[PDB]
Amino acid sequence: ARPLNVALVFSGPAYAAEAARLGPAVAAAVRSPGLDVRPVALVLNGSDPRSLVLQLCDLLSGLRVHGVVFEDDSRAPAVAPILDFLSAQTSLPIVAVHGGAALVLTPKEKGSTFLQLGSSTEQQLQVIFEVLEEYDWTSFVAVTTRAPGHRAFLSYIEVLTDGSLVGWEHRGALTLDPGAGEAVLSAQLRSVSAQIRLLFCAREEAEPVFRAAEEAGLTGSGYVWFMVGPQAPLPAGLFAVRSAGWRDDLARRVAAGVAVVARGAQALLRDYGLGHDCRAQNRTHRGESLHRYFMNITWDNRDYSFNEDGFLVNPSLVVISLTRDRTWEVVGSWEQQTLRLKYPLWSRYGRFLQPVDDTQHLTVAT
Amino acid sequence: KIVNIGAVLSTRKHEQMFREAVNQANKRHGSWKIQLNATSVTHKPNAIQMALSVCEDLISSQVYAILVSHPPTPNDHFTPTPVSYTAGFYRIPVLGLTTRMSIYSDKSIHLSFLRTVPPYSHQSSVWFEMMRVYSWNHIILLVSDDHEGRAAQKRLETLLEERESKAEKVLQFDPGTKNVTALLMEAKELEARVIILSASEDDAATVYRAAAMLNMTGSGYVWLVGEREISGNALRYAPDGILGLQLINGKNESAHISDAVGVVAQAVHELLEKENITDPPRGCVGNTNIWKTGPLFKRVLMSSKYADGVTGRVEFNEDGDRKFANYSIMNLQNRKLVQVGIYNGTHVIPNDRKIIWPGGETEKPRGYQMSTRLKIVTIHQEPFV
């Protein structure tokens, strides 16, 4: 019956109204032997680089927080790295469920135990080919921008394509500079003729790219866009990949976040019967034993595993479908490293990416 | 328009020359509506309240670019980490005066960062050219299990594929270990006799301790080494005739701060020539958004090409690492160090001084040793075998 005062911090006016409501739900959801669940509700101010360390250590000081779950309703992942630094000195685990874990930050600092609930870049390029394997789409191109991390994007796709019995063919690598000009962007985009394209650009960098495609002619008829990367001018023909908890309940999302920090450490009590060193010195000890401790996590019919840096090693997730009425439809599922589709199809049929060549297709009887 | 040039330095006296450098900027140029001011803050010997000082003082003073400095500790990742986080994620460029460690070149973290000194990973760039000219077609790598070591190992291998070479065999250590004698047996049977090290003082301690024990420092052995362990605690049992490397102005804060001021002195004139020139945020709490001019400020920043300062020829480009630096090659004789090699940035320029090889030999050796015995494979075929 070791006490554990888990802390909950939220940013945004939306969670202020429901801060008290999440109390009974989170406390009742998690129940482990010999452990006490005492959630505490807190509200943060702003979502930006700010003097969070002024109050985050202040609340940590004098309280046995043990583990705190980070939540934020912001798309920009500019708060995790600054929160990562304060995690290194305190040697305590912080997990982000929504917003905070927008992107995988690797490699991390020495001794960091900060973990995320998200999808790695490589893991987003392995389900994109799995569904593509059973739906032909042999022809594809790669389009990259000036956004950082583009080097890994080209390297990752090349490794998977080579050494395969299918024998994928590549139509070169396309590089575009949004800051150069509209004439340059359109000419390069239309240089290669293909209805299937791969794009990599920042969330705010996408809009200049879509404008070039509108005047390049690669928006109408049937064209495919794979919105893989960080995150009115939205022509149809876009696809992407996200996590399974794309539309999970707010109460259950926090429950999943609080489960790993609390239940994962219950195995330590099986061995024998902590990290409150902020505003204190002369102690560094070790901070790497935590990673191997937090390996066995399984809930809500899902498998959760983390590596040394920390992200979804077994990312049970789903693939979003084509967006037509500004809605995030989902059509593909991936569990136990096995592909599964709800709309099986052969070649190109009605209402599902009809062929781009009406005068170059034949139906042959034999 | 008030223009503030922030910086974080060590020691009160060093900050005094910062005022002198910024003072000359106003007079050296014909700027009329631009005024430069210097902000001085000392290093806080703890990371928790380190972020409080930069937020409350430097950020609130709307500085234009920040200069960092080496911490008083001999080797710690303490000073440059917090400074590149708070202001770094406001898209405020940070200038690295003494930043040399190879982690801060990823752009996944530390989105905005500029270095006035080439990092340690770039040492492998001149190793290959010196290796190629002096024959040396067979080598062995001894790199420890560190992220910095991986970058150095990758650079050597990523350029050696032109000549179709796999760099023979590569051994990986565990940092902090004290006895690696047993694993050195795999470094004895190979034909090559050229050993390349890239590690820290602690790692190189055990390597140089057992090197003389296993008769590895005698004739016919040549050691190529990293700059960290040439000077330091590893000098106790360093083998003679070591062909090392060093960088000029490696600990000259006064020279580097002058060059950093000169680069931005012309840059600030270029910024006040375009449209939508939104000022960097005022205060640390009031603004909660990324300010308008992002890569445009950096794009002109990594475009300077002039000839000023002692080092001269600054061409900050790509990830933000200096190109064609001035390197030196030295030798160890009777526990005394003398420099014999001079690098001008394009090719190695030797000297008339004798380059005595390890073990007290003069003739130039090669990384090759014939294998006297041969193991032979055969199969059962009736007429032949």
# chains A, B, ... in the order shown; residues from 1 in each chain; ligands from 1

$ closest_atom_pairs --of "chain A" --to "chain B" --cutoff "9 Å" --atoms "only C-alpha atoms" --output "CSV"
residue,atom,partner,partner_atom,distance
A:46,CA,B:288,CA,6.6
A:47,CA,B:288,CA,6.6
A:48,CA,B:288,CA,5.2
A:49,CA,B:86,CA,5.8
A:50,CA,B:285,CA,5.9
A:51,CA,B:52,CA,6.4
A:52,CA,B:52,CA,9.0
A:53,CA,B:48,CA,7.2
A:54,CA,B:52,CA,6.8
A:57,CA,B:48,CA,8.4
A:78,CA,B:89,CA,6.7
A:79,CA,B:89,CA,8.9
A:81,CA,B:85,CA,7.4
A:82,CA,B:85,CA,6.1
A:85,CA,B:82,CA,7.7
A:86,CA,B:48,CA,7.3
A:89,CA,B:48,CA,7.7
A:105,CA,B:108,CA,6.8
A:106,CA,B:108,CA,7.2
A:107,CA,B:108,CA,8.3
A:108,CA,B:109,CA,8.5
A:148,CA,B:107,CA,6.2
A:149,CA,B:108,CA,6.7
A:278,CA,B:48,CA,7.1
A:279,CA,B:48,CA,7.3
A:281,CA,B:46,CA,8.5

$ write_last_selection --atoms "N, CA, C and O atoms" --output "mmCIF file, in the first residue's frame"
data_model
loop_
_atom_site.group_PDB
_atom_site.id
_atom_site.type_symbol
_atom_site.label_atom_id
_atom_site.label_comp_id
_atom_site.auth_asym_id
_atom_site.auth_seq_id
_atom_site.Cartn_x
_atom_site.Cartn_y
_atom_site.Cartn_z
ATOM 1 N N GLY A 46 -0.594 29.111 -20.972
ATOM 2 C CA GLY A 46 0.066 29.251 -22.256
ATOM 3 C C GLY A 46 0.686 27.976 -22.790
ATOM 4 O O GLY A 46 0.903 27.017 -22.042
ATOM 5 N N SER A 47 0.974 27.956 -24.091
ATOM 6 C CA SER A 47 1.637 26.831 -24.753
ATOM 7 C C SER A 47 2.726 27.413 -25.649
ATOM 8 O O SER A 47 2.493 27.678 -26.831
ATOM 9 N N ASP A 48 3.917 27.601 -25.082
ATOM 10 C CA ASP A 48 5.035 28.235 -25.770
ATOM 11 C C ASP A 48 6.291 28.123 -24.914
ATOM 12 O O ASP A 48 6.201 27.755 -23.735
ATOM 13 N N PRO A 49 7.480 28.408 -25.465
ATOM 14 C CA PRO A 49 8.666 28.531 -24.606
ATOM 15 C C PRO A 49 8.473 29.613 -23.556
ATOM 16 O O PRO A 49 8.364 30.798 -23.885
ATOM 17 N N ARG A 50 8.429 29.213 -22.288
ATOM 18 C CA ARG A 50 8.095 30.125 -21.205
ATOM 19 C C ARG A 50 8.748 29.610 -19.930
ATOM 20 O O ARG A 50 9.272 28.494 -19.882
ATOM 21 N N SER A 51 8.709 30.439 -18.885
ATOM 22 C CA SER A 51 9.341 30.112 -17.607
ATOM 23 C C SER A 51 8.505 29.084 -16.838
ATOM 24 O O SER A 51 8.020 29.324 -15.733
ATOM 25 N N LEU A 52 8.344 27.912 -17.458
ATOM 26 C CA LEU A 52 7.637 26.820 -16.800
ATOM 27 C C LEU A 52 8.416 26.286 -15.606
ATOM 28 O O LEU A 52 7.814 25.901 -14.598
ATOM 29 N N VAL A 53 9.749 26.266 -15.697
ATOM 30 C CA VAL A 53 10.573 25.751 -14.610
ATOM 31 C C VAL A 53 10.404 26.567 -13.337
ATOM 32 O O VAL A 53 10.749 26.094 -12.249
ATOM 33 N N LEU A 54 9.886 27.793 -13.448
ATOM 34 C CA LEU A 54 9.635 28.601 -12.260
ATOM 35 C C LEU A 54 8.594 27.950 -11.355
ATOM 36 O O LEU A 54 8.760 27.919 -10.130
ATOM 37 N N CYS A 57 8.873 23.178 -10.941
ATOM 38 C CA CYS A 57 9.629 22.726 -9.779
ATOM 39 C C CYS A 57 8.987 23.193 -8.481
ATOM 40 O O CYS A 57 9.098 22.508 -7.457
ATOM 41 N N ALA A 78 6.534 22.321 -29.452
ATOM 42 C CA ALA A 78 7.597 23.197 -28.979
ATOM 43 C C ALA A 78 7.716 23.212 -27.461
ATOM 44 O O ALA A 78 8.510 23.989 -26.921
ATOM 45 N N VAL A 79 6.950 22.377 -26.762
ATOM 46 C CA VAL A 79 6.965 22.357 -25.311
ATOM 47 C C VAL A 79 7.647 21.111 -24.751
ATOM 48 O O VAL A 79 8.189 21.163 -23.640
ATOM 49 N N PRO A 81 10.584 19.498 -25.709
ATOM 50 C CA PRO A 81 12.032 19.609 -25.449
ATOM 51 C C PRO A 81 12.379 20.455 -24.236
ATOM 52 O O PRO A 81 13.298 20.101 -23.489
ATOM 53 N N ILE A 82 11.671 21.565 -24.014
ATOM 54 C CA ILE A 82 11.950 22.371 -22.829
ATOM 55 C C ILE A 82 11.475 21.651 -21.574
ATOM 56 O O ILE A 82 12.063 21.809 -20.498
ATOM 57 N N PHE A 85 14.214 18.894 -20.711
ATOM 58 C CA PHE A 85 15.380 19.313 -19.941
ATOM 59 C C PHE A 85 15.111 19.239 -18.444
ATOM 60 O O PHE A 85 15.940 18.735 -17.677
ATOM 61 N N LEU A 86 13.951 19.733 -18.007
ATOM 62 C CA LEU A 86 13.617 19.674 -16.588
ATOM 63 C C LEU A 86 13.362 18.250 -16.121
ATOM 64 O O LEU A 86 13.422 17.987 -14.915
ATOM 65 N N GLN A 89 17.047 16.598 -14.923
ATOM 66 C CA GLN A 89 17.548 16.892 -13.585
ATOM 67 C C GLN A 89 16.704 16.219 -12.511
ATOM 68 O O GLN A 89 17.244 15.694 -11.529
ATOM 69 N N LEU A 105 10.967 12.792 -30.578
ATOM 70 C CA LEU A 105 12.187 13.569 -30.378
ATOM 71 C C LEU A 105 13.318 12.596 -30.070
ATOM 72 O O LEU A 105 13.444 12.110 -28.943
ATOM 73 N N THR A 106 14.139 12.305 -31.079
ATOM 74 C CA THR A 106 15.272 11.409 -30.927
ATOM 75 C C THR A 106 16.466 11.974 -31.685
ATOM 76 O O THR A 106 16.290 12.593 -32.746
ATOM 77 N N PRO A 107 17.690 11.805 -31.159
ATOM 78 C CA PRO A 107 17.994 11.222 -29.847
ATOM 79 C C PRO A 107 17.767 12.211 -28.708
ATOM 80 O O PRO A 107 17.825 13.419 -28.928
ATOM 81 N N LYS A 108 17.513 11.698 -27.508
ATOM 82 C CA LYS A 108 17.254 12.539 -26.353
ATOM 83 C C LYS A 108 18.548 12.797 -25.583
ATOM 84 O O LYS A 108 19.620 12.292 -25.923
ATOM 85 N N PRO A 148 13.430 20.492 -41.860
ATOM 86 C CA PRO A 148 14.496 19.658 -41.294
ATOM 87 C C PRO A 148 14.068 18.204 -41.167
ATOM 88 O O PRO A 148 12.885 17.886 -41.032
ATOM 89 N N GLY A 149 15.060 17.317 -41.212
ATOM 90 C CA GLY A 149 14.806 15.895 -41.134
ATOM 91 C C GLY A 149 14.460 15.231 -42.446
ATOM 92 O O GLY A 149 14.059 14.062 -42.443
ATOM 93 N N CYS A 278 14.925 18.356 -7.338
ATOM 94 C CA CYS A 278 14.912 19.736 -7.802
ATOM 95 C C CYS A 278 14.911 20.675 -6.600
ATOM 96 O O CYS A 278 14.363 20.355 -5.541
ATOM 97 N N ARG A 279 15.545 21.840 -6.766
ATOM 98 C CA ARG A 279 15.874 22.714 -5.635
ATOM 99 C C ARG A 279 16.712 21.967 -4.602
ATOM 100 O O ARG A 279 16.573 22.166 -3.393
ATOM 101 N N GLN A 281 20.843 19.680 -4.529
ATOM 102 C CA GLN A 281 22.057 19.364 -5.264
ATOM 103 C C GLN A 281 22.760 18.178 -4.619
ATOM 104 O O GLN A 281 22.224 17.515 -3.726
#

$ residues_around --residues "region 151-158 of chain A" --least-positions-apart "2" --cutoff "9 Å" --atoms "only C-alpha atoms" --output "PyMOL selection string"
chain A and resi 121-122+125-126+142+144+148-149+160-162+173+200+229

$ write_last_selection --atoms "C-alpha atoms" --output "JSON list (two decimals), in the first residue's frame"
[["chain", "number", "residue", "atom", "x", "y", "z"],
["A", 121, "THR", "CA", 8.74, 8.44, -38.92],
["A", 122, "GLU", "CA", 9.93, 4.96, -39.91],
["A", 125, "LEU", "CA", 6.53, 4.54, -43.79],
["A", 126, "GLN", "CA", 5.90, 0.82, -43.18],
["A", 142, "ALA", "CA", 9.11, 11.27, -53.65],
["A", 144, "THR", "CA", 10.68, 16.74, -50.30],
["A", 148, "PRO", "CA", 14.50, 19.66, -41.29],
["A", 149, "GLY", "CA", 14.81, 15.89, -41.13],
["A", 160, "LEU", "CA", 12.35, -0.75, -47.57],
["A", 161, "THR", "CA", 11.96, -0.63, -51.36],
["A", 162, "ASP", "CA", 15.20, -2.46, -52.15],
["A", 173, "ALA", "CA", 13.65, 12.40, -55.84],
["A", 200, "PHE", "CA", 7.15, 15.76, -46.71],
["A", 229, "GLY", "CA", 5.52, 14.19, -41.91]]

$ closest_residue --among "A:95, A:192, A:262, A:309" --to "residue 27 (chain A)" --atoms "only C-alpha atoms"
A:262

$ residues_around --residues "residue 253 (chain A)" --least-positions-apart "5" --cutoff "8 Å" --atoms "only C-alpha atoms" --output "PyMOL selection string"
chain A and resi 97-98+245+248

$ write_last_selection --atoms "N, CA and C atoms" --output "PDB file, in the first residue's frame"
ATOM      1  N   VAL A  97       0.184  12.552 -23.846  1.00  0.00           N
ATOM      2  CA  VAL A  97      -0.862  11.779 -24.507  1.00  0.00           C
ATOM      3  C   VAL A  97      -1.286  12.471 -25.795  1.00  0.00           C
ATOM      4  N   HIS A  98      -1.775  13.703 -25.680  1.00  0.00           N
ATOM      5  CA  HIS A  98      -2.289  14.454 -26.816  1.00  0.00           C
ATOM      6  C   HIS A  98      -1.568  15.790 -26.898  1.00  0.00           C
ATOM      7  N   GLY A 245      -5.418   5.817 -31.131  1.00  0.00           N
ATOM      8  CA  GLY A 245      -6.168   6.739 -30.301  1.00  0.00           C
ATOM      9  C   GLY A 245      -6.404   8.078 -30.968  1.00  0.00           C
ATOM     10  N   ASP A 248      -9.959   9.013 -29.289  1.00  0.00           N
ATOM     11  CA  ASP A 248     -10.245   8.454 -27.979  1.00  0.00           C
ATOM     12  C   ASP A 248     -10.875   9.506 -27.069  1.00  0.00           C
TER      13      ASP A 248
END

$ residues_around --residues "residue 176 (chain B)" --least-positions-apart "6" --cutoff "10 Å" --atoms "only C-alpha atoms" --output "list in words"
residues 144, 145, 200, 201, 202, 203, 204, 205 and 206 of chain B

$ residues_around --residues "region 38-45 of chain A" --least-positions-apart "3" --cutoff "8 Å" --atoms "only C-alpha atoms" --output "number ranges by chain"
A: 4-12, 15-16, 19-20, 23, 26-27

$ atom_distance --atom1 "CA of residue 365 (chain B)" --atom2 "CA of residue 192 (chain B)"
10.6 Å

$ residues_around --residues "residue 149 (chain B)" --least-positions-apart "5" --cutoff "10 Å" --atoms "only C-alpha atoms" --output "list in words"
residues 102, 103, 120, 121, 142, 143, 144, 154, 172, 197, 198, 199 and 200 of chain B

$ residues_around --residues "residue 291 (chain B)" --least-positions-apart "3" --cutoff "10 Å" --atoms "only C-alpha atoms" --output "ChimeraX atom specification"
/B:90-92,278-281,287-288,294

$ closest_residue --among "A:141, A:339, A:256, A:1" --to "residue 34 (chain A)" --atoms "only C-alpha atoms"
A:1

$ atom_distance --atom1 "CA of residue 196 (chain B)" --atom2 "CA of residue 156 (chain B)"
10.8 Å

$ closest_residue --among "B:133, B:9, B:190, B:167" --to "residue 72 (chain B)" --atoms "only C-alpha atoms"
B:9
